[PDB]
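Asks: Sharing a structure below in structure tokens format, with a few things to ask.
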Amino acid sequence: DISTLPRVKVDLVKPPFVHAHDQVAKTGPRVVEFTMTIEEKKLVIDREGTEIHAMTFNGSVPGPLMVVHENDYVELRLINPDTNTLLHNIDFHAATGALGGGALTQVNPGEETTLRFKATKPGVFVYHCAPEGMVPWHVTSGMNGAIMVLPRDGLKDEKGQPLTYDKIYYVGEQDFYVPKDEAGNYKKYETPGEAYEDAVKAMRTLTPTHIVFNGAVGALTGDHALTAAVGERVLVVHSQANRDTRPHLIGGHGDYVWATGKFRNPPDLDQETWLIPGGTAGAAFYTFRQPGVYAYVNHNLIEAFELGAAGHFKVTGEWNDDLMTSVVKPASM
Amino acid sequence: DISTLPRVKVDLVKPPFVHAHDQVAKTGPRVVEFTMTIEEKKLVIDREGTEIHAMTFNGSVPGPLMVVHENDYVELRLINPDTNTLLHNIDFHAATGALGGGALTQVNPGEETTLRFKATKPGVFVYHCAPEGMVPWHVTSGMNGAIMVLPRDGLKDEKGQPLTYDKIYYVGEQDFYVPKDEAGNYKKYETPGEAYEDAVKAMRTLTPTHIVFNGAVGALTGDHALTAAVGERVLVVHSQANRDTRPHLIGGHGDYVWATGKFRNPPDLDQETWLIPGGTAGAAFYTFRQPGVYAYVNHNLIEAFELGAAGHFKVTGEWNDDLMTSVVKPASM
Amino acid sequence: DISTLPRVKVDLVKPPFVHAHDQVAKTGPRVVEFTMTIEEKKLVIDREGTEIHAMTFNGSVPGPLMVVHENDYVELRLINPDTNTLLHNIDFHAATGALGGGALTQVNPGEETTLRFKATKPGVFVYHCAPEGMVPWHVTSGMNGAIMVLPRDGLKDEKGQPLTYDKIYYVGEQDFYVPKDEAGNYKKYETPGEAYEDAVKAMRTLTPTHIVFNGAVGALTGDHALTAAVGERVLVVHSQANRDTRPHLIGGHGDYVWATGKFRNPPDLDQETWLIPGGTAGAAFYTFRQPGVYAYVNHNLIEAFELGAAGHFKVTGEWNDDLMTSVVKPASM
Ligand SMILES: O=N[O-]
Ligand SMILES: O=N[O-]
Ligand SMILES: O=N[O-]
Ligand SMILES: [Cu+2]
Ligand SMILES: [Cu+2]
Ligand SMILES: [Cu+2]
Ligand SMILES: [Cu+2]
Ligand SMILES: [Cu+2]
Ligand SMILES: [Cu+2]
């Protein structure tokens, strides 16, 4: 009887950060209430000023990470304000039935809906918009995010022993297909609807023009680098709603990796690089052992360094010369 | 001594259906006899009437699924009628030696051959045509299928316990590279040989024009949807002879997944999406828990909804409001 | 205290061969000393005479395979002779900190450096050049290789039992992006620097012009086929620093496969084809059971047979008619 379960409302936070939560569940099953507002908005995605009409959950690309525990009920209030122009909905890969909820959550501008589903399988899952007849357009305009369903007793390693993270970050990776003129310059449009016919032709080339973390080239660099300290245990959740990616921590590893993101499976150990298939969320666990700057990249290095799929970690702490040292610094022969 | 083993002839059925078989072997090892006839034929692959010269095993794209048990002998009679125009052969990824049998089964039009091999490894495997110097042309013209080698005691879960399916379907996914004129219209040809020079240039772009299930856009939709009922256990075998795919059941999961298709390995649990590498067959096991329409897609959603890699399941039964319910139906604010 | 550990200098050998080593460690941890010399050189990569300016470690594409054991120290002396024209460095995916060593090993022409790192995780790992601002250019010009970190007690199967190989081969797979004129002919350049601006535009198409084993179309065919005998146990190490690949032994299998290359994980059994993500090294173990010619391919068959990713094994021994036999040789009906 759901009417008698505890309820908690959770306010979401913008990626790459994650709303507060417990790793090991301290309560029994609950109804966890979320609210998301759809926002169509102009987004500048690179240094040259290329702009697109993004379709977002809660104003960000990716949408925010939701965190619940196995056999909680997720109750999502989805709002499509009348300032938007398109029909939207939501499909949870975590949910069972009605096309992940997409068949029940179709909202025109000016409408809202509330969906409830039981989170019966633990793991990280993609959620995304999927309206009849324009599914890839909405997904590749940034309308996707992820939900994490933790086991009620938290994460465990390949031997059943507890894994506790000190920090969690959510990296949503987005392939964009910006239409081009004949010389190769990017086009701009006044409304999403104006872009639609060109967007379909741009998608059919299967060649992204940009592949970005957190909605823009360089979004997770500089002042916006992810932070940690030597000795801290970090969980990196990574989603790609449409296209394969192969994350890699330059200078580190994935100590424990759920490449396809499902926690009833044992993790893969000591990964240098792992494949997250398009339409999947994965998670990697790493304990930092050296300070300094790390890059976190899609290890198709063209996609990383030419098309935008690269971010930074800045890690504080003491350098360990046993793990690595420069014996002879670069010098002339 | 093979001369003293029992023999059974099996008549194949057209995909997505699968010929009758036992999951748990009731006999000892047998010689299982199959006959396949090669057919080159014109195929209409989309709604706009695009036609190609398909090269098929037994008249279908994909070729039919063969089912045997571990350490059976597969005896294939391969017939190339004199109405065809090209040399053909067959390479079983399930077989050991002679390029999977391709070096022993080269038949010109008007010829036949009989190959026997021992099915020493359990799993689902690709088979495909592979003639010297024109391997990708034949494969990407649809000349590929799959063979399933069940363990003699049937499928088992990650804990060694029996898994029994009530229904099995075979989805063969095909990337096509149809040559285009300079405006982007598809070309048509009178014979396969006329197409050859353009086909090689179309393949070298590495960009498919169509990606389809069961040989055509929409082949597994509408009246041809796959069917099941709530409570039924379904095994979906999926093959891709040439290109990576990432299947996903919209509204469901892969409860047990052998993404690279080899049954001596434990399955991956609770997958939302899984990667089947080009040149591989995989299998997913799911128990339907909600009725309604499901879509089964390659979760590069451009490949699914723009290029053709999408099919339907229609599932009967009672809706379970505990798993999912619309609390507030879409309404105006 | 490193000053008191034994030291051994190892001279590297050209791929596909591997320098002599012990599978089970016979000594305690050691400092293993390697020397590599960078060589920028013109390379002919196909039958039509297409030439590129390769950037190599030790004069080969890929760079040589280094073999050490877990918790050895790797001490690399890296030399950039003054006959080269570009800055180079090295990033070991096996190493922890300083961008895998890339931040510590930047050498201009005429400089050298010596890096030491502890090999704390067993597996096969990529190493590659990665200079600030031109990472994919150097990697896709061939400046990548692999290092194998064996467990001190050797390789083990999925049940913990010893796996011993008789032969080991290293196949480095390289995607090249050769710039083209408007008719599609490949361009040639006098120096690497002349090529740079066109190379970036060629890479951004994400479409390789060539995909080769051991630096050239046909490099591992003919007289340069890999060799083995029936009954021999062969380990094939395969790396791809930039792009996914899906290796397949035509006529064989991967009996034990570490597709993402990390030996603390149990191997996948009986693979027909396996996915090595871009930026990863994998390893497959196979016992040959039939003599004859085998092809070893990337099983995107367009990439294999049109773009160059195919090599040969020639295996001696006695044919086993129990595994495969031609019952009726190809004959006219
Ligand atoms: O080592 N990451 O390119
Ligand atoms: O949720 N399948 O797009
Ligand atoms: O069976 N390898 O194409
Ligand atoms: Cu939408
Ligand atoms: Cu989806
Ligand atoms: Cu054929
Ligand atoms: Cu094959
Ligand atoms: Cu370099
Ligand atoms: Cu790297």
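So you can find residues: chains in the structure tokens are A, B, ... in the order shown, residues in each start at 1, and ligands are numbered from 1 in order.
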What are the residues of chain B that have an atom within 6 Å of an atom of chain A, counting only C-alpha atoms, as a ChimeraX atom specification?
Replies: /B:250-252,273,275,290,299-302,323-333
Asks: For ligand 4, list the contacting residues at 8 Å or closer, counting only C-alpha atoms and all ligand atoms, as a list in words.
Replies: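 The residues within 8 Å of ligand 4, counting only C-alpha atoms and all ligand atoms, are residues 55, 56, 86, 87, 88, 89, 90, 128, 129, 130, 131, 135, 138, 139 and 143 of chain A.
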Asks: Go ahead and compute the interatomic distance for atom CA of residue A:164 and atom CA of residue A:268, in Å to one decimal.
Replies: 16.6 Å
Asks: So that I can check the surroundings of residue C:186, please list as a PDB file with N, CA and C atoms, in the first residue's frame every protein, DNA and RNA residue that reaches within 9 Å of it, counting only C-alpha atoms and ignoring chain neighbours fewer than 3 positions away.
Replies:
```pdb
ATOM      1  N   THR C  50      50.687   5.012 -51.244  1.00  0.00           N
ATOM      2  CA  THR C  50      50.334   6.134 -50.387  1.00  0.00           C
ATOM      3  C   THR C  50      51.361   6.254 -49.272  1.00  0.00           C
ATOM      4  N   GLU C  51      51.885   7.455 -49.075  1.00  0.00           N
ATOM      5  CA  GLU C  51      52.908   7.651 -48.065  1.00  0.00           C
ATOM      6  C   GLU C  51      52.459   8.700 -47.060  1.00  0.00           C
ATOM      7  N   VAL C 178      44.396   9.955 -44.001  1.00  0.00           N
ATOM      8  CA  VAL C 178      45.282  10.597 -44.980  1.00  0.00           C
ATOM      9  C   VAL C 178      44.495  11.682 -45.713  1.00  0.00           C
ATOM     10  N   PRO C 179      45.001  12.909 -45.790  1.00  0.00           N
ATOM     11  CA  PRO C 179      44.236  13.962 -46.477  1.00  0.00           C
ATOM     12  C   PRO C 179      44.083  13.668 -47.962  1.00  0.00           C
ATOM     13  N   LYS C 180      42.939  14.072 -48.507  1.00  0.00           N
ATOM     14  CA  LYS C 180      42.588  13.824 -49.898  1.00  0.00           C
ATOM     15  C   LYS C 180      42.339  15.129 -50.646  1.00  0.00           C
ATOM     16  N   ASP C 181      42.654  15.123 -51.945  1.00  0.00           N
ATOM     17  CA  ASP C 181      42.227  16.193 -52.836  1.00  0.00           C
ATOM     18  C   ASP C 181      40.730  16.047 -53.127  1.00  0.00           C
TER      19      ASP C 181
END
```
Asks: Would you return as a VMD selection string the members of stretch 43-179 of chain A that DSSP assigns to strand (DSSP E) on this structure's backbone?
Replies: chain A and resid 43 to 44 51 to 57 65 to 69 73 to 80 91 to 92 111 to 118 123 to 128 144 to 150 155 to 156 162 to 163 167 to 176
Asks: Can you tell me, as a PyMOL selection string, what residues are no more than 12 Å from residue C:49 when counting only C-alpha atoms, ignoring any on the same chain fewer than 2 positions away?
Replies: chain C and resi 42-47+51-52+185-188+216-217
Asks: Between B:228, B:192, B:267, B:36, which residue has the minimum interatomic distance to residue B:161, considering only C-alpha atoms?
Replies: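 Using only C-alpha atoms, residue B:161 sits closest to B:267.
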Asks: Identify, with DSSP run on backbone atoms, the residues in stretch 97-165 of chain A assigned to helix (DSSP H, G or I), and express the list as an MDAnalysis selection string.
Replies: chainID A and resid 98:104 135:139
Asks: Please list as an NGL selection string every residue within 10 Å of residue A:310, counting only C-alpha atoms and excluding residues in the same chain fewer than 4 positions away.
Replies: :A and (173 or 211-213 or 217-221 or 247-249 or 295-299 or 301 or 303-306)
Asks: Residues of the last selection are to be written out with C-alpha atoms, as a compact mmCIF listing (two decimals), in the first residue's frame.
Replies:
```txt
# COMPACT_ATOMS: atom_id res chain seq x y z
CA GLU A 173 28.27 13.22 -22.65
CA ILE A 211 30.84 15.87 -28.55
CA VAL A 212 30.83 17.61 -25.18
CA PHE A 213 30.71 17.03 -21.43
CA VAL A 217 33.38 22.50 -25.05
CA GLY A 218 35.54 23.14 -21.99
CA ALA A 219 32.61 23.07 -19.57
CA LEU A 220 34.57 20.91 -17.08
CA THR A 221 37.94 22.63 -17.48
CA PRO A 247 35.94 7.04 -20.97
CA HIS A 248 39.48 7.19 -19.69
CA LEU A 249 41.10 9.01 -16.77
CA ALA A 295 42.13 14.83 -17.89
CA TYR A 296 38.96 12.76 -18.21
CA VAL A 297 38.32 12.00 -21.88
CA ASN A 298 36.44 9.95 -24.42
CA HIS A 299 39.38 7.94 -25.69
CA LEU A 301 41.14 11.15 -29.04
CA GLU A 303 36.36 13.13 -30.30
CA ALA A 304 38.10 14.23 -27.09
CA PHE A 305 40.53 16.88 -28.29
CA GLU A 306 39.02 18.01 -31.58
```
Asks: Separation of atom CA of residue C:291 and atom CA of residue C:22, in Å?
Replies: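 It comes out at 27.6 Å.
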Asks: In Å, with one decimal, what is the gap from atom CA of residue C:154 to atom CA of residue C:66?
Replies: 15.7 Å
